[PDB]
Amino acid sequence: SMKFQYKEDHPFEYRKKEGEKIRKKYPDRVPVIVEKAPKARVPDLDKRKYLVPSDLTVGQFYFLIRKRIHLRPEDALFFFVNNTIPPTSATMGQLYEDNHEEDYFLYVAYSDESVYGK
């Protein structure tokens, strides 16, 4: 049940072309689309497209997103990928491998809520 505005704004054919291109150009990184989960009470970020080292951990990526949204340490933040919260010890490369879509992007939503999308 994931809903990303990115997929409305950019058509699959062009997303896939970009994902192919960036995968080939940066073999040790993966392309990731990040958005706030629908209806969540967290700030939107200006940047939605992230080129992430494959060995960066999910936990390290959380730290970046938390910083960019200016969350206080005590504030909760959850990522959702295919409606599931990923483990912090996984690398972003592993998360990508198992979850990227057919356009070669991984889609990550962030939220203050522990359940996605409402």
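Here the rigid core means the biggest group of C-alpha atoms that line up within 1.5 Å when the two forms are laid on top of each other. Residue positions are given as counts along the sequence shown, with the first one as 1.
Asker: Output the stretch, either 49 to 57 or 69 to 77, that has more C-alpha displacement from this form in 7 other deposited structures of this protein following superposition by the rigid core.
Answerer: The more displaced stretch in 7 other deposited structures of this protein turns out to be 69 to 77.
Asker: Quick check on the record: does 72 to 80 or 49 to 57 carry the larger mean Cα temperature factor?
Answerer: Averaged over C-alpha atoms, the B-factors run higher in 72 to 80.
Asker: Determine, for stretches 100 to 108 and 19 to 27, which one has the higher mean CA B-factor as deposited.
Answerer: Stretch with the higher mean C-alpha B-factor: 19 to 27.
Asker: If you compare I65, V34, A90, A37, which has the highest Cα B-factor in the entry?
Answerer: Largest recorded C-alpha B-factor: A90.
Asker: Should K3 be placed in the lowest, middle or highest third of its chain by the C-alpha B factor in the entry?
Answerer: Ranked within chain, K3 CA B lands in the highest tercile.
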